[PDB]
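Chains as they are written, first to last, in full-length UniProt numbering: chain P, 157 to 208; chain X, 1 to 171. Every residue gets a Cβ at the ideal spot worked out from N, C-alpha and C, and that includes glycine. This report concerns only the one structure given below.
Written out as structure tokens, the structure reads:
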């Protein structure tokens, strides 16, 4: 989940592999702004996946 | 005009709307922008263009022989000069408003149309190699015996694989 592969000084290359949190494209991000997850957000995620 | 190439197109190309002359000129040129006060240049760019041209005169140039030929030490030959025109004619079908019978109703009329460049590309002060490659490709594609068909440039294009943006109609 939280692996990062660019943690060497200068951001060259680390000893870890990239986790899910990083391989996911930054465009497919929904920010809830510190609130609860509700029913409509499931449809929002479904739309974000369907359009691709 | 750093480079200059004069090419002769055939009848099929000469009949196209964009090619209304028997000779096409391809050239590469350098441009500069200077401050009004003095010659302090601000930027430099290279432009590649292709134009239908007309003959406007002649000039004296040295003679360059080819392998099966030999030339005198100071032999010279005359070649024409070219310039960009303003309007070129073309014949289209039409009707006679004052016709008197069935034999003079359909005619051919001559209309003059505006002349536009075939190619017009701009390159920055760097990447002179890219401009040279584009010029050579245009010249070779003209020499292939058909129209100029390829204009794709990777630098000036939309990002590929962006599905959320490429889904909109373009047809």
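Helix, strand or coil at residue i according to DSSP, with G and I counted as helix
{"i": "residue 162 of chain X", "result": "coil"}
{"i": "residue 27 of chain X", "result": "strand"}
{"i": "residue 39 of chain X", "result": "coil"}
{"i": "residue 150 of chain X", "result": "coil"}
{"i": "residue 130 of chain X", "result": "helix"}
{"i": "residue 9 of chain X", "result": "coil"}
{"i": "residue 54 of chain X", "result": "strand"}
{"i": "residue 161 of chain P", "result": "coil"}
{"i": "residue 178 of chain P", "result": "helix"}
{"i": "residue 32 of chain X", "result": "strand"}
{"i": "residue 151 of chain P", "result": "Residue 151 of chain P lies beyond the residue range present for chain P, which begins at 157 and ends at 208; the question has no answer from this structure."}
{"i": "residue 183 of chain P", "result": "coil"}
Contact check, residue i vs residue j, beta carbons under 8 Å
{"i": "residue 88 of chain X", "j": "residue 112 of chain X", "result": "yes"}
{"i": "residue 58 of chain X", "j": "residue 80 of chain X", "result": "yes"}
{"i": "residue 82 of chain X", "j": "residue 6 of chain X", "result": "yes"}
{"i": "residue 46 of chain X", "j": "residue 131 of chain X", "result": "yes"}
{"i": "residue 168 of chain P", "j": "residue 160 of chain P", "result": "no"}
{"i": "residue 24 of chain X", "j": "residue 52 of chain X", "result": "yes"}
{"i": "residue 60 of chain X", "j": "residue 78 of chain X", "result": "yes"}
{"i": "residue 41 of chain X", "j": "residue 49 of chain X", "result": "no"}
{"i": "residue 135 of chain X", "j": "residue 13 of chain X", "result": "no"}
{"i": "residue 1 of chain X", "j": "residue 37 of chain X", "result": "no"}
{"i": "residue 184 of chain P", "j": "residue 157 of chain P", "result": "no"}
Range of the contiguous alpha helix (DSSP H) that encloses residue i
{"i": "residue 118 of chain X", "result": "From DSSP, residue 118 of chain X is part of no alpha helix (DSSP H); its letter is neither H nor E."}
{"i": "residue 167 of chain P", "result": "Looking at the DSSP string, residue 167 of chain P is not in any alpha helix (DSSP H), and its letter there is neither H nor E."}
{"i": "residue 196 of chain P", "result": "195–206"}
Near the ligand MG: residue i beta-carbon under 7 Å from a heavy atom
{"i": "residue 46 of chain X", "result": "Inclusion of the ligand MG in the displayed structure is not the case, the ligand content being empty and no account of it being possible."}
task: Would you list, in chain order, the members of the segment 11–37 of chain X that have their beta-carbon closer than 7 Å to a beta-carbon of chain P?
output: Residues passing the 7 Å Cβ filter: none.
query: Name the residues in the segment 146–167 of chain X whose C-beta lies less than 8 Å from a C-beta of chain P; which are they?
result: Sequence-ordered contacts of the segment 146–167 of chain X with chain P read 163, 164 and 167 [C-beta pairs closer than 8 Å].
Contact residues within the segment 177–200 of chain P, judged by C-beta distance below 8 Å to chain X: 183: these are the residues of the segment 177–200 of chain P whose beta carbon lies less than 8 Å from some beta carbon of chain X, given in chain order.
field: Every unbroken beta strand (DSSP E) inside the segment 59–108 of chain X [3 residues or more]
entry: Inside the segment 59–108 of chain X, DSSP marks whole beta strand (DSSP E) runs of 3 or more residues at positions 76–83 and 87–95, from first to last along the chain.
query: Quick one, which residues of the segment 163–177 of chain P are near chain X if we go by CB-CB under 7 Å, in chain order?
result: Nothing from the segment 163–177 of chain P brings a Cβ to less than 7 Å from some Cβ of chain X.
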